[PDB]
Protein chains: 2
Amino acid sequence: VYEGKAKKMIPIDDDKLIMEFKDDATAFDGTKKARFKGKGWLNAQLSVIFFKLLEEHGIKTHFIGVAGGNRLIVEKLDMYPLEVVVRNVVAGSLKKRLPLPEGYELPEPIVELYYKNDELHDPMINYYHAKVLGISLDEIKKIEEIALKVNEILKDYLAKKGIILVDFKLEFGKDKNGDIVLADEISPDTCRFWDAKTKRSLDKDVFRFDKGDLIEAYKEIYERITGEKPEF
Amino acid sequence: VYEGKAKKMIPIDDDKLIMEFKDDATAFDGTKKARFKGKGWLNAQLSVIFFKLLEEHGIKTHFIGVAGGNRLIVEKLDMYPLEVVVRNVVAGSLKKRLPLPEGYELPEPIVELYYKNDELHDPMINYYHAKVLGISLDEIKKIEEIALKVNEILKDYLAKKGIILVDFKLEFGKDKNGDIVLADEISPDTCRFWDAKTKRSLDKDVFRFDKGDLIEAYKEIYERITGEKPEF
Ligand SMILES: Nc1ncnc2c1ncn2[C@@H]1O[C@H](COP(=O)(O)OP(=O)(O)OP(=O)(O)O)[C@@H](O)[C@H]1O
Ligand SMILES: Nc1ncnc2c1ncn2[C@@H]1O[C@H](COP(=O)(O)OP(=O)(O)OP(=O)(O)O)[C@@H](O)[C@H]1O
Ligand SMILES: Cc1cn([C@H]2C[C@H](O)[C@@H](COP(=O)(O)OP(=O)(O)O)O2)c(=O)[nH]c1=O
Ligand SMILES: Cc1cn([C@H]2C[C@H](O)[C@@H](COP(=O)(O)OP(=O)(O)O)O2)c(=O)[nH]c1=O
């Protein structure tokens, strides 16, 4: 059993674990905390929907099944210590790296690699740093190739629903065959979603910058995507 | 005429400029300042020596000639807005990016790209950011290829003189033929040099962290390399 900031990971046998989504939200290196009743359920459901879409499109993911409510059954992987960020529209930390305004449409997607390390506060890295960390160029290239394919699929699917995929974060691990498998979660916690018409945030930015009601925003995402009201 | 933090750039015609090295030193985003009589002369002389060595090895540089003392004649270029850092041994900012100690010998060199932008304080970037900045992948790859070749040459040459090239920064621009040309300076200001036996700094780190006498350290570098005492 491993209890993280937003999810719990419970071993089953040797091949699989339980990913349980909690109601907890954190931001700014965990210096901002709150709980949102039903956030876990929403993030679980939405992950399932995204993983199923991606699987239909030939993306290898850790998704195996659901275990009732906020719990997914997933394949255990040897995790890469990376957060892989894909960006279509300028927002968040990109504003400190490029002198471009919020909402600027990028000429092509940006991929950023962040080294998962709490003591160093998850610094950005490049391919050379990754190699020193034991991640080969070949591996990095496959990882970015998948992230960019995931981007296209989610972007297209979401645009047909009036949602702009601004940016998002993925994580990856290796399976026993040494294949690169998409892992962790895909939710309004780990993506920026803007309404196409109004350009307002329907994601964790609502909590990060106090823009209104997180649950309302997450429900709206769930409703726009499924065409149904969240039953919980 | 452009007066920078450590050097002055004076136009000649349309093809060339004067690079004048000043006695000024700055560090920590220019929050630490001092002047060292003779530093300009040392950095000029050492740049000349490095540019000549690199030219003999088939590296295209902006070096044209000397204009007496602290002044070099160099080719005017369309500058890339980059600082290109090559690292052999862990030091400086790399310690905040990888959990490795000062002096750790890297399994292979690291290349880091920093976007030259004072308002953003020169953030690290990757190939994708560079593209948005108008620098093609092809260009980035040629730039890194040159930096890594420069590394090998300087590393080998300096090791034969009992000096460890820990890391260093280069800058590049395009000439009228669209060729990538090595620019700016190569000095104890822009490199880490450690004595092979004692591992002590013979570079700007002496000023950054008050490790003794900058001029003495820079003289020692000049003496170890030329086999002669600095005449000024
Ligand atoms: N298929 C998988 N196999 C093994 N581990 C996984 C898998 N998917 C996700 N994980 C890891 O399980 C954890 C999920 O919990 P959570 O999101 O709360 O992480 P955290 O503890 O907050 O932060 P971190 O784990 O990044 O330090 C993360 O460490 C994630 O990388
Ligand atoms: N061959 C060249 N052609 C045109 N410009 C050059 C050439 N070589 C160096 N430069 C530029 O000239 C300037 C040298 O002066 P200096 O080192 O004092 O820069 P700075 O003003 O302190 O900092 P920066 O210029 O990076 O903001 C730098 O801007 C450098 O990029
Ligand atoms: C680096 C990182 C990004 N992300 C997601 C949130 C955003 O949708 C996108 C880019 O985030 P970014 O703008 O880099 O950081 P911040 O969340 O501090 O503004 O990736 C995470 O969920 N976790 C992370 O650790
Ligand atoms: C980024 C940068 C590096 N360098 C040189 C100094 C070091 O020899 C090497 C790596 O520096 P780095 O460790 O990144 O930064 P700091 O100088 O703040 O410790 O590159 C510069 O001269 N100017 C620069 O703007």
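For ligands, and for the atoms within them, numbers begin at 1 and follow the listed sequence. Numbers restart at 1 for each chain; the letters A, B, ... are given by sequence-line order, proteins then strands.
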- Check each heavy atom of A/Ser93 against ligand 3 and say whether those closer than 4.0 Å belong to the side chain, the backbone, both or neither. both
- Query: Has A/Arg87 got any heavy atom lying under 4.0 angstrom from an atom of ligand 3?
  - Reply: yes
- Message: With heavy-atom distances below 4.0 Å as the criterion, list the atoms of ligand 2 near B/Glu75.
- Response: 1 (N), 2 (C), 3 (N)
- What atoms of ligand 3 come within less than 4.0 Å of a heavy atom belonging to A/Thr190? 5 (C), 8 (O), 22 (O)
- When the ring centroid of B/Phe36 is compared with that of B/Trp41, is the distance short of 6.0 Å? no
- Message: Regarding A/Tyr114 and A/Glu112, do their side chains bring together a donor and an acceptor under 3.5 Å, going by distance alone?
- Response: yes
- For ligand 1, does A/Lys116 get within less than 4.0 Å through its side chain, its backbone, both, or neither, judged by non-hydrogen atoms? side chain
- B/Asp184 heavy atoms, cut-off 4.0 Å: which ligand 2 atoms fall inside? 8 (N), 9 (C), 14 (C), 17 (O), 30 (C)
- Does any N or O in the side chain of A/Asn177 come within less than 3.5 Å of the main-chain N or O of A/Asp179, such that one atom is a donor and the other an acceptor? no
- Salt bridge check: are A/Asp195 and A/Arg200 linked by an N-O gap of less than 4.0 Å? no
- Regarding A/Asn151 and A/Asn88, is there a side-chain donor-to-acceptor distance under 3.5 Å anywhere? yes
- Query: At the 4.0 Å heavy-atom cut-off, does A/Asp205 count as touching ligand 3?
  - Reply: no
- Is there a side-chain contact between A/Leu72 and A/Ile18 (heavy atoms, below 4.5 Å)? no
- Task: Looking only at non-hydrogen atoms, find the nearest pair between B/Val111 and A/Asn126 and report the distance.
- Result: O-ND2, 2.8 Å
- What's the shortest distance from atom 4 (N) of ligand 3 to any protein heavy atom, and which residue and atom give it? A/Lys169 CB, 3.4 Å
- ligand 2 to B/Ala6, heavy atom cutoff 4.0 Å, flagged ligand atoms 18 (O)
- Atoms in ligand 2 with a heavy atom of B/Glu171 nearer than 4.0 Å: 30 (C), 31 (O)
- Query: Between A/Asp189 and ligand 3, which part of the residue brings a heavy atom under 4.0 Å of the ligand: side chain, backbone, both or neither?
  - Reply: backbone
- Item | Polar contact flag, side-chain donor to acceptor under 3.5 angstrom, B/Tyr128-A/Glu144 | yes
- Shortest reach to atom 3 (N) of ligand 2 by a heavy atom, considering only B/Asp189, B/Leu82, B/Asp122, B/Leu77: B/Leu77
- Short N or O distance, A/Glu112 and ligand 3, threshold 3.5 Å exclusive: no
- Taking atom types as modelled and ignoring hydrogens, do the side chains of B/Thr190 and B/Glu185 form a donor-acceptor contact shorter than 3.5 angstrom? no
- Message: Distance under 4.0 Å to a non-hydrogen atom of A/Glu83: what atoms of ligand 3 satisfy this?
- Response: 1 (C), 24 (C), 25 (O)
- Task: Please report the closest heavy-atom contact between A/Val90 and A/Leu100, naming both atoms and the distance.
- Result: CG1-O, 3.6 Å
- Task: Just jot down the ligand 2 atoms closer than 4.0 angstrom to any heavy atom of B/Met79, in number order.
- Result: 2 (C), 3 (N), 4 (C), 5 (N), 6 (C), 7 (C), 31 (O)
- Query: Looking only at side chains, do A/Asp203 and A/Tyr218 share a donor and an acceptor under 3.5 Å apart?
  - Reply: no
- Relative to the heavy atoms of A/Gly92, which atoms of ligand 3 are at a distance of less than 4.0 Å? 13 (O), 19 (O)
- Determine whether any heavy atom of A/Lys116 lies closer than 4.0 Å to an atom of ligand 3. no
- Item | Candidate with minimal heavy-atom separation from atom 11 (C) of ligand 2, of B/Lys174, B/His62, B/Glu185, B/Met9 | B/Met9
- Message: Check contact between B/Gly173 and ligand 2, using heavy atoms of the residue and a distance below 4.0 angstrom.
- Response: no
- Distance to 0.1 Å, residue and atom name: give those for the protein heavy atom nearest to atom 8 (O) of ligand 3. A/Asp167 OD1, 2.7 Å
- Message: Under a 4.0 angstrom heavy-atom cut-off, which atoms of ligand 3 come close to A/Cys191?
- Response: 8 (O)
- Query: Considering only the protein, which heavy-atom contact is closest to atom 16 (P) of ligand 3, and what is its distance?
  - Reply: A/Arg192 NH2, 3.9 Å
- Checking A/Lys174 against A/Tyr80: charged group under 6.0 Å from the ring centre and within 45 degrees of the axis? no
- Could you see which bit of A/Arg208 sits under 4.0 Å from ligand 3, with heavy atoms only: side chain, backbone, both or neither? side chain
- Item | atom 18 (O) of ligand 3 within contact range, any protein heavy atom under 4.0 Å | no
- Query: Should A/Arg224 and A/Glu220 count as an ion pair when the cut-off is N to O under 4.0 Å?
  - Reply: yes
- Examine the side chains of B/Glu83 and B/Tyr115 and answer whether a donor and an acceptor come within less than 3.5 Å of each other. no
